[PDB]
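Sequential numbering from 1 along the given sequence is applied to the chain's residues. These numbers come from the heavy atoms of this one structure, side chains and all, not from hydrogens, waters or symmetry mates. All ligand and atom numbering here is 1-based and tracks the order in the structure.
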Amino acid sequence: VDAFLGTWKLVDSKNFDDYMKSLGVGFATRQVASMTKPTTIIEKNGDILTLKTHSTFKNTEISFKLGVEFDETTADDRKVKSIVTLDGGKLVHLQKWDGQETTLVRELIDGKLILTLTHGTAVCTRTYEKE
Ligand SMILES: CCCCCCCCCCCCCCCC(=O)O
């Protein structure tokens, strides 16, 4: 988990609009989230991980323990049952609600942080640079 720690900034985004759309977000919000480049901060204290997402539009913060289910309310205002795990070197975040699911996967690939969001048939890829 240690190489994930620190400050990272958004450098490239692909297919965010289809993802948002598949989840049910409105056009007006979509406009706004597409011009925005967030800051992500990953910290640790013992066995508790903290995840901050900062932007000029919306801000979020969660704290958890790997492999333990927790309640979360997302940036688009969903209320879900979540669990985060380490699988083959990757940081896998599973969210469940109303009988449906979405995955958020983080990978370190040649100096960089790569995030891939999957919902239904839609798949989005986002890359971050270490600040
Ligand atoms: C998440 C950045 C703030 C903008 C929110 C736009 C509304 C869509 C919500 C999608 C939920 C997760 C998106 C995470 C984006 C990211 O971390 O790169």
Between ligand 1 and the protein, give all atom pairs where both partners are nitrogen or oxygen and the distance is under 3.5 Å, as lines of names plus distance to 0.1 Å.
from: ligand 1; atom 1: 18 (O); to: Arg126; atom 2: NE; distance (Å): 2.8
from: ligand 1; atom 1: 18 (O); to: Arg126; atom 2: NH2; distance (Å): 3.0
from: ligand 1; atom 1: 18 (O); to: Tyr128; atom 2: OH; distance (Å): 2.8

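Residue pairs that meet the salt bridge (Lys or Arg N to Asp or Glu O under 4.0 Å) test with at least one member in residues 14-29, sequence neighbours left out, are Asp17-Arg30.
Take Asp87 and apply the salt bridge (charged side-chain N to carboxylate O under 4.0 Å, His left out) test, not counting sequence neighbours, and it matches no residue. For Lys44, the salt bridge (charged side-chain N to carboxylate O under 4.0 Å, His left out) partners at least two apart in sequence or on another chain are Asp2.
Summarising the local packing, CD of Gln100 is surrounded by more than 12 heavy atoms from other residues, nucleotides or ligands at distances under 6.0 Å.
With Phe4 as the aromatic partner, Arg106 does not meet the cation-pi criteria of under 6.0 angstrom to the ring centre and within 45 degrees of the ring axis.
For the residue pair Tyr19 / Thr102, a side-chain donor-acceptor distance below 3.5 Å is found, with atom types taken as modelled.
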